[PDB]
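*Asks:* This one is an experimental structure. Sequence first:
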Amino acid sequence: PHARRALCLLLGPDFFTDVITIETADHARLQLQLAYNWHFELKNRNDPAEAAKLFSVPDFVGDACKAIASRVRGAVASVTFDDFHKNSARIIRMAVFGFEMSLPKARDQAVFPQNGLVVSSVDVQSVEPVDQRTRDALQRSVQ
Amino acid sequence: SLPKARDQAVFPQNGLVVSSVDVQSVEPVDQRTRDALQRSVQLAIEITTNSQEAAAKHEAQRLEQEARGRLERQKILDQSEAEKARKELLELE
Amino acid sequence: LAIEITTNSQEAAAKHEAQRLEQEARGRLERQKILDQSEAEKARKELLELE
Amino acid sequence: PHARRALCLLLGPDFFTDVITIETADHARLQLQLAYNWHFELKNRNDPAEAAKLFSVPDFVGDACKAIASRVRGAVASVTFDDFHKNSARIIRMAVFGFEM
């Protein structure tokens, strides 16, 4: 909730090595690490209103992480484990910015209007599932 | 907007607008809604290992019958050539 | 029992799907067996002409 | 996350001896080492904007490694072990830069 503290608001492109604990429609509890390639967007970088709108939310990292986690888990809990293992990146990316402007791919921008934080992209790192029973009982499958 | 409602949860008393709501973890605390649903996931992956091995078994039967189907082609063709040669063999005999 | 009627419901649907796939696989195996036997009879036609 | 630290941004062609832990569609957990032959590209090597855009991301090595790892594993988890052993290099290379030109 409150771990780091700094005087400078990092606007450059970066990422959050966040891990979430989600559950699928089959009730399989699994945790997964995310990246959240993000950056701040300011069209007019001298205007006081827009410029101060950056510091509107005091914990923008946590806000973005929790919002994306909620959206991802809400979309995942409606699909089976097999789907979330085949289209693991596809459905999570569709979840983060669910729309259609390109079945069809949505877009390439996850914008938060409150502070101008645009999550440029989302990356998944490891589908863990923590429980030892979703662990090496799937190992009998590979055998 | 079945259908979605809106994007504003306003309290008129003080002007506090809940812009959005996010859920983080469906816990259920009781140990019985706990790992008895865990037997469901064991069967949820069991109906997958069985499903993939059944499909593999079906493919193996398809390949085996195809292989046996072509072996029947070759056996009959070779026997036809053998009968061809047996024609002159029986002429000579 | 509220989740039991769910694990049973999802495994019954999985069992139904497996039977559907098994019958479809057996259905196409019956297609291939008969077709291969038809080709075998085709060749057996000239085999029996020669015989 | 933060191991090395330097004053110079290496722009020359190099590689990252990174290893990933991915999983296939059969749920076979496997790890694999990658190279990532990379280089920086600057069309106008005096312009302040483009020139300073190099230092936009502070951990470009980690960003590239994690992005490529995520894309590779996302594409691999949709194919079987046999496919990822026959076309091991083909599907991973298609994954890193999936397109058709």
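*Replies:* Structure's in. What do you need? Numbering: from 1, shown residues only, chains lettered A, B, ... in the order given.
*Asks:* count of residues packed around residue B:7?
*Replies:* Number of residues near residue B:7 (other CB atoms under 10 Å in any protein chain shown) recorded here: 9. Where you see a C-beta, it was placed from the backbone N, CA and C, and this is true even at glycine.
*Asks:* show me the contacts for it.
*Replies:* By CB atoms under 8 Å, 6 or more residues apart in numbering or on different chains, the contact list for residue B:7 reads B:19-20.
*Asks:* For the residue in chain B positioned nearest to chain A, the count of nearby residues, please.
*Replies:* Closest residue of chain B to chain A, CB to the nearest CB: residue B:22 (3.6 Å). Burial of residue B:22 is recorded as 13 neighbouring residues (other CB under 10 Å).
*Asks:* And for it, nearest residue in space, chain neighbours not counted?
*Replies:* Setting aside the residues directly before and after it, residue B:22 is nearest to residue A:70 in space (CB to CB, 6 or more residues apart in numbering or on different chains), at 3.6 Å.
*Asks:* can you tell me the helix or strand for that neighbour?
*Replies:* Using DSSP states H and E, the element containing residue A:70 is helix A:60-76.
*Asks:* Just the C-alpha atoms of that helix, please, in PDB.
*Replies:* This file holds the C-alpha atoms of helix A:60-76, laid out as PDB (Å, rounded to 0.1, in the frame of the first residue of the first chain):
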ATOM      1  CA  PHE A  60      -0.600   5.900  -9.300                       C
ATOM      2  CA  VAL A  61       1.600   2.800  -9.400                       C
ATOM      3  CA  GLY A  62      -0.700   1.000  -7.000                       C
ATOM      4  CA  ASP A  63      -3.800   2.300  -8.600                       C
ATOM      5  CA  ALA A  64      -2.800   1.000 -12.100                       C
ATOM      6  CA  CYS A  65      -1.600  -2.300 -10.700                       C
ATOM      7  CA  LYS A  66      -4.800  -3.000  -8.700                       C
ATOM      8  CA  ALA A  67      -7.100  -1.800 -11.600                       C
ATOM      9  CA  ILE A  68      -5.300  -4.000 -14.200                       C
ATOM     10  CA  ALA A  69      -5.300  -6.900 -11.700                       C
ATOM     11  CA  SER A  70      -9.000  -6.600 -11.100                       C
ATOM     12  CA  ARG A  71      -9.900  -6.300 -14.800                       C
ATOM     13  CA  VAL A  72      -7.600  -9.300 -15.700                       C
ATOM     14  CA  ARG A  73      -9.000 -11.500 -12.900                       C
ATOM     15  CA  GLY A  74     -12.600 -10.500 -13.800                       C
ATOM     16  CA  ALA A  75     -12.100 -11.500 -17.400                       C
ATOM     17  CA  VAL A  76     -10.100 -14.700 -16.500                       C
END
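*Asks:* Please name the residues that touch the residue in chain A that chain D sits nearest to.
*Replies:* The nearest approach of chain A to chain D comes at residue A:89, 2.7 Å away (CB to the nearest CB). Contacts were defined as CB under 8 Å, 6+ apart; by that measure residue A:89 touches A:123-124, D:70-71, D:73-75, D:77.
*Asks:* likewise residue A:50?
*Replies:* By CB under 8 Å, 6+ apart, the neighbours of residue A:50 are A:42-44, A:116.
*Asks:* now it: how far from residue A:63?
*Replies:* In this view, residue A:50 and residue A:63 are 18 Å apart by CB to CB, to the nearest Å.
*Asks:* And for the residue positioned nearest the centre of chain A, nearest residue in space, chain neighbours not counted?
*Replies:* Nearest residue to the geometric centre of chain A (CA atoms, centre = their mean): residue A:68, 4.1 Å. In this structure, residue A:68 finds its nearest non-sequential neighbour in residue A:96, 5.7 Å apart by CB to CB, 6+ apart.
*Asks:* For the one you found, give me phi and psi.
*Replies:* For residue A:96, the backbone dihedrals (degrees, to the nearest 10) come out as phi -60, psi -40.
*Asks:* hang on, isn't it packed against residue A:109?
*Replies:* No - when contacts are counted by CB atoms under 8 Å, residue A:96 is not listed as touching residue A:109 (10.6 Å).
*Asks:* what about those two, which has more around it?
*Replies:* Neighbours per residue (other CB under 10 Å) separate residue A:96 from residue A:109, with residue A:96 holding more: 20 against 13.
*Asks:* show me what contacts the more buried one?
*Replies:* Residue A:96 makes contact with A:68, A:71-72, A:110, A:119, A:122, according to CB under 8 Å, 6+ apart.
*Asks:* Would you mind naming what in chain A lies close to chain C?
*Replies:* Taking CB under 8 Å from any CB of the partner chain as the criterion, chain A approaches chain C at residues residue A:26.
*Asks:* What segments of chain A are strands?
*Replies:* Using DSSP state E, the strands of chain A run over A:19-23, A:29-34, A:37-40, A:110-112, A:117-121, A:124-127.
*Asks:* For chain B, which of those strands is the nearest?
*Replies:* Of all the strands of chain A, strand A:19-23 sits nearest to chain B, with 6.6 Å by CB to the nearest CB.
*Asks:* Report all helices and strands that that closest one contacts.
*Replies:* Using 3 or more CB pairs under 8 Å, 6 or more residues apart in numbering or on different chains; DSSP states H and E, the elements in contact with strand A:19-23 are strand A:29-34, helix A:60-76.
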